[PDB]
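Colleague: let me see the structure of the following:
(3 chains, ligands or ions: 2)
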Amino acid sequence: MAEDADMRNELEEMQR
Amino acid sequence: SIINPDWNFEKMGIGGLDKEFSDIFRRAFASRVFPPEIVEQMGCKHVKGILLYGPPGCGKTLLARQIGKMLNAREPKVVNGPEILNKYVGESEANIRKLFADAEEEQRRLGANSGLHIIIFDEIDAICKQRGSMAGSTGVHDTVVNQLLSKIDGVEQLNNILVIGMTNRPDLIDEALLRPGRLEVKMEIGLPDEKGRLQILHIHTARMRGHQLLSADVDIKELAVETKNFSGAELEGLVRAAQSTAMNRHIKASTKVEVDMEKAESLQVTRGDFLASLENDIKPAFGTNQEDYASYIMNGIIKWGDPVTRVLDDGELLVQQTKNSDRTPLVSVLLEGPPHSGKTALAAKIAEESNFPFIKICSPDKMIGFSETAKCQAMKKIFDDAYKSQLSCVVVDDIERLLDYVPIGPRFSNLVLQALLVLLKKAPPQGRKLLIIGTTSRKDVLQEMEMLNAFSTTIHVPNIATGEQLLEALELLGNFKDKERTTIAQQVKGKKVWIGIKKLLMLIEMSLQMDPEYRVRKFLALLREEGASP
Amino acid sequence: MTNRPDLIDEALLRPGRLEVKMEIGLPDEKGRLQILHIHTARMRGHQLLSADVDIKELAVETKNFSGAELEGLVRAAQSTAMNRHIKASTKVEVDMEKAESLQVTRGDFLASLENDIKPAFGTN
Ligand SMILES: Nc1ncnc2c1ncn2[C@@H]1O[C@H](COP(=O)(O)OP(=O)(O)OP(=O)(O)O)[C@@H](O)[C@H]1O
Ligand SMILES: Nc1ncnc2c1ncn2[C@@H]1O[C@H](COP(=O)(O)OP(=O)(O)OP(=O)(O)O)[C@@H](O)[C@H]1O
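Modeller: Residues are numbered from 1 along each chain as shown, chains lettered A, B, ... in the order given. Ligands and ions are numbered 1, 2, ... in the order given. Below you will find the coordinate block:
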């Protein structure tokens, strides 16, 4: 079984 | 009143969607129109949702905006796609609740006798998708869906809101939202019919007729006849293209653009522009379902002998029997003959002469390099599609090429044979009729496999046998003069011949390449050398 | 503009959004002749082109070429001529006294067509 490929990511910003 | 006083059906310019609009009015607006006393007596609740869907360019947005215009109430709120997402946490729900805050306030202030509020969501699938089946990068989408579900139907009851949602892929929407109380009425918009295609064409041409800018030779009914499978958007595009073609004839560009302005005040649109546009500019996005009979019949049919008429009459009789019978919903027939006899063209003609709603032809030309499973899947799909219509006719040609037969060993594919043998005896659903026409060139091989008994009848397609038929065929084609015809007759009339029409055409074309003083001789040799056959 | 028209969403191609669909393909002999004439106007105007160069012969010969390839052929031909007045043995030096009277001949075009530029289509 071929291991799952790499993935991107999504980011969320927070305000102080 | 709740309805604009000047509103009427005719003013919204909608096309052939009579039934759908009537169903909407019945199932969505019946309750609000009756006096409060009786509706209170029943004590029934009111609808709050609608979900339009269908293929692109059918009128969903037009219908939604026309419904908005029809109703007299607050200006509808529009959510233009995924404009509600924000990077800061918790602000998407802020907007999704700001939308409904005003309606909540009004209902609180006035109670049951308050006005109505309408909210329109466009590209709903962008926002609302299954909570479980989603990206794990952020839980923002799930929180949004939960907020919407809570607001639309939560512990607090709100009953003066109507929400309209339009999409193109209804499957992706979450199941929890498409339940009674949120969106129970769900319509499907589809391609129009001939009457709808006439009404649509009428709605746009109106102004040109009003101002006398359309030539009298234009027949709208004919245009509606030709334009098959088109949609409203494509019809409007065709009209625009014809207009542009008509307009282009008063400008001299390509060095510097100018306009006449004195010969340009007598403009008119003829039927030629429509014909030109229908072949060059606009092609139907939905692939034409009509078969390309020109490809299969590339040189027409010529009556060189009785057998042609006999075969056509037999085909007509079979068509009549399958059309006017109830004890035998399924019928089959096989056409057999020597190679180069024209079986495919005759089968195509027989199929065309009938006027069945559904007609399709399955050929190996498309199945190049396919495995023995892909062919089975394709045949299954074709037959499944055929099953839907009330009357169906299907043609299977070149059977031996469909089984991958080779006389060495021999070899063939068993799975396809079994699938065909099962599909030749499966009756369609109740109250439907199907006809199957098969073509082949080797009857003994089929006899060996014991499938010749699966068919109901057989028809024989002979090839030219006597010199008189050859002379008649030459006369019909008219490729030689009287002197050459006499010269050829002087020899051929003595004996018999055995040749197929396709090979005859090839021989004629090969012969016509020589100089005039030799062509006839070149012909005779080709007939003598290749003509050695029973 | 795209190179893979069949990967685009269908909803974007219906009339009213993107109607005019156009295909740009390889030119024919007349198009090749026109293109070749376009890219050689300045040299002819300034008398930098030799009198033995025949455009029609090149147009007939250059088969399966595209516009970029024709421009590249002209550019290589131009450099083969400029290189005859430079000395890159030890120190890069230019003549500057024979640079004037620079001319482009048919031999340069022929040489550039056999060792520098090769089409990427069909048999050759
Ligand atoms: N039934 C119709 N009657 C009259 N005009 C129509 C009809 N259907 C389409 N048209 C014309 O085609 C245009 C396209 O229709 P519309 O914008 O409503 O499509 P849509 O289904 O909402 O689009 P999509 O699914 O591509 O987002 C309409 O504005 C109108 O110009
Ligand atoms: N009277 C005719 N009957 C049949 N075909 C005809 C007739 N007159 C002309 N033709 C043309 O003869 C051509 C030969 O027909 P077709 O290719 O269908 O033959 P076929 O017997 O199925 O061939 P094959 O042996 O190669 O499988 C077709 O283009 C058909 O249009």
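Colleague: what sits against residue B:147?
Modeller: Applying C-beta atoms under 8 Å, 6 or more residues apart in numbering or on different chains to residue B:147 gives the contacts B:92-93, B:96-97. Placement of C-beta: from N, CA and C, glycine included.
Colleague: what is the burial count for residue B:337?
Modeller: Look at residue B:337: counted by other C-beta atoms under 10 Å in any protein chain shown, it has 21 neighbours.
Colleague: quick check: phi and psi at the nearest residue to it once chain neighbours are set aside.
Modeller: Distances taken as C-beta to C-beta, 6 or more residues apart in numbering or on different chains put residue B:461 closest to residue B:337, at 3.5 Å, once the chain neighbours are dropped. Backbone torsions of residue B:461, given as degrees, to the nearest 10, read phi -120, psi 100.
Colleague: can you pull the contacts of residue B:519?
Modeller: By C-beta under 8 Å, 6+ apart, the residues touching residue B:519 are B:511-512.
Colleague: quick check: the gap between it and ligand 2.
Modeller: Look at residue B:519 and ligand 2: by C-beta to the nearest ligand atom, to the nearest Å, they are 22 Å apart.
Colleague: ok, now residue B:174?
Modeller: Applying C-beta to the nearest ligand atom, the value for residue B:174 to ligand 2 is 54 Å.
Colleague: so that residue touches residue B:144, yeah?
Modeller: No: with contact defined as C-beta atoms under 8 Å, residue B:174 and residue B:144 do not form a contacting pair (11.4 Å).
Colleague: those two - which one has more neighbours?
Modeller: Per other C-beta under 10 Å, whichever of residue B:174 and residue B:144 has more neighbours is residue B:144, with 20 against 17.
Colleague: can you name the residue of chain A nearest chain C?
Modeller: residue A:8 (19.9 Å; C-beta to the nearest C-beta).
Colleague: separation between that residue and residue B:143?
Modeller: Distance of residue A:8 to residue B:143, computed by C-beta to C-beta, to the nearest Å: 21 Å.
Colleague: who has more neighbours, those two?
Modeller: Neighbours per residue (other C-beta under 10 Å) separate residue A:8 from residue B:143, with residue B:143 holding more: 16 against 6.
Colleague: tally of neighbours for residue B:202?
Modeller: So residue B:202, with other C-beta under 10 Å, has 13 neighbours.
Colleague: that one: which element?
Modeller: Taking DSSP states H and E as the definition, residue B:202 sits inside helix B:194-210.
Colleague: can you confirm whether that helix lies near ligand 1?
Modeller: Yes: contact between helix B:194-210 and ligand 1, assessed by C-beta under 6 Å from any ligand atom, occurs at B:200, B:203.
Colleague: can the following helix or strand past that helix be said to contact ligand 1?
Modeller: Downstream of helix B:194-210, the next assigned helix or strand under DSSP H and E is helix B:220-226. No: judged by C-beta under 6 Å from any ligand atom, helix B:220-226 stays clear of ligand 1, getting no closer than 13.6 Å.
Colleague: tell me the phi and psi of the residue in chain A positioned nearest to ligand 1?
Modeller: Per C-beta to the nearest ligand atom, residue A:10 is where chain A lies closest to ligand 1, at 26.9 Å. Reported as degrees, to the nearest 10, the phi and psi values for residue A:10 are phi -120, psi 140.
Colleague: what does residue B:434 give?
Modeller: Dihedral pair for residue B:434: phi -140, psi 140, per degrees, to the nearest 10.
Colleague: just grab the bridge partners of it for me.
Modeller: Residue B:434 forms beta bridges with residue B:330, residue B:392, as assigned by DSSP bridges.
Colleague: could you tell me which of the contacts of residue B:147 count as buried?
Modeller: B:92-93, B:96 (16 or more other C-beta atoms under 10 Å in any protein chain shown).
Colleague: what about the longest helix seen in chain B and chain A, touching?
Modeller: Assignment by DSSP state H gives helix B:91-110 as the longest helix of chain B. No: Helix B:91-110 is not in contact with chain A by C-beta under 8 Å from any C-beta of the partner chain; minimum separation 10.0 Å.
Colleague: and residue 7, what does it touch?
Modeller: Since no chain was named, I'll use chain A. No contacts exist for residue A:7 under C-beta under 8 Å, 6+ apart.
Colleague: right idea, wrong chain: chain B
Modeller: With contacts defined as C-beta under 8 Å, 6+ apart, residue B:7 is in contact with B:69-70.
Colleague: state the distance from it to ligand 2.
Modeller: Taken as C-beta to the nearest ligand atom, the span from residue B:7 to ligand 2 is 58 Å.
Colleague: doesn't that residue belong to a helix?
Modeller: No: counting by DSSP: H, G, I helix; E, B strand; the rest coil, residue B:7 falls outside a helix, being coil.
Colleague: now the residue of chain A closest to chain C: which helix or strand?
Modeller: Using DSSP H and E, no helix or strand contains residue A:8.
Colleague: interface residues of the stretch 201-350 of chain B facing ligand 2?
Modeller: Going by C-beta under 6 Å from any ligand atom, the residues of the stretch 201-350 of chain B near ligand 2 are B:297-299, B:301-302, B:308, B:339-346.
Colleague: for PyMOL, what selects the buried ones among these?
Modeller: Of those, the buried ones can be selected in PyMOL as follows, counting by 16+ other C-beta under 10 Å:
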select buried, chain B and resi 297+308+340+341+342+343+344+345+346
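Colleague: how far off centre is the helix or strand residue B:395 falls within?
Modeller: Secondary structure from DSSP H and E places residue B:395 in strand B:391-396. Distance, stretch centre to chain centre, for strand B:391-396: 17 Å (C-alpha atoms, centre = their mean, to the nearest Å).
Colleague: just checking, what packs against that strand?
Modeller: Applying 3 or more C-beta pairs under 8 Å, 6 or more residues apart in numbering or on different chains; DSSP states H and E, one finds that strand B:391-396 contacts helix B:343-353, strand B:358-362, helix B:374-388, strand B:433-440.
Colleague: same list, the ones you listed, but as TSV with distance to residue B:322 please.
Modeller: Below are those laid out as TSV (distance: least, C-beta to C-beta, whole Å):
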stretch	distance to residue B:322
helix B:343-353	12
strand B:358-362	13
helix B:374-388	13
strand B:433-440	5
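Colleague: need the winner for burial among the ones you listed.
Modeller: Stretch with highest mean neighbour count among the helices and strands packed on strand B:391-396: strand B:433-440 (a mean of 22; mean count of other C-beta atoms under 10 Å in any protein chain shown).
Colleague: run the contact check for it versus ligand 2.
Modeller: No: judged by C-beta under 6 Å from any ligand atom, strand B:433-440 stays clear of ligand 2, getting no closer than 6.9 Å.
Colleague: and that strand, what does it pack onto?
Modeller: With contacts defined as 3+ C-beta pairs under 8 Å, 6+ apart, strand B:433-440 has these neighbours: helix B:306-323, strand B:330-336, helix B:343-353, strand B:391-396, helix B:399-402.
Colleague: turn these into JSON lines, columns for distance to residue B:267.
Modeller: Listed next are the helices and strands packed on strand B:433-440 as JSON lines, based on distance: least, C-beta to C-beta, whole Å:
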{"stretch": "helix B:306-323", "distance to residue B:267": "50"}
{"stretch": "strand B:330-336", "distance to residue B:267": "55"}
{"stretch": "helix B:343-353", "distance to residue B:267": "41"}
{"stretch": "strand B:391-396", "distance to residue B:267": "47"}
{"stretch": "helix B:399-402", "distance to residue B:267": "56"}
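Colleague: just the closest residue of the stretch 151-300 of chain B to chain A, please.
Modeller: Of all residues in the stretch 151-300 of chain B, residue B:172 sits closest to chain A, at 19.4 Å by C-beta to the nearest C-beta.
Colleague: nearest spatial neighbour of that residue, chain-adjacent residues omitted?
Modeller: Once flanking residues are discounted, residue B:172 sits nearest to residue B:125: 5.0 Å by C-beta to C-beta, 6+ apart.
Colleague: residues in contact with that neighbour?
Modeller: Counted by C-beta under 8 Å, 6+ apart, residue B:125 has contacts B:167-169, B:172-173.
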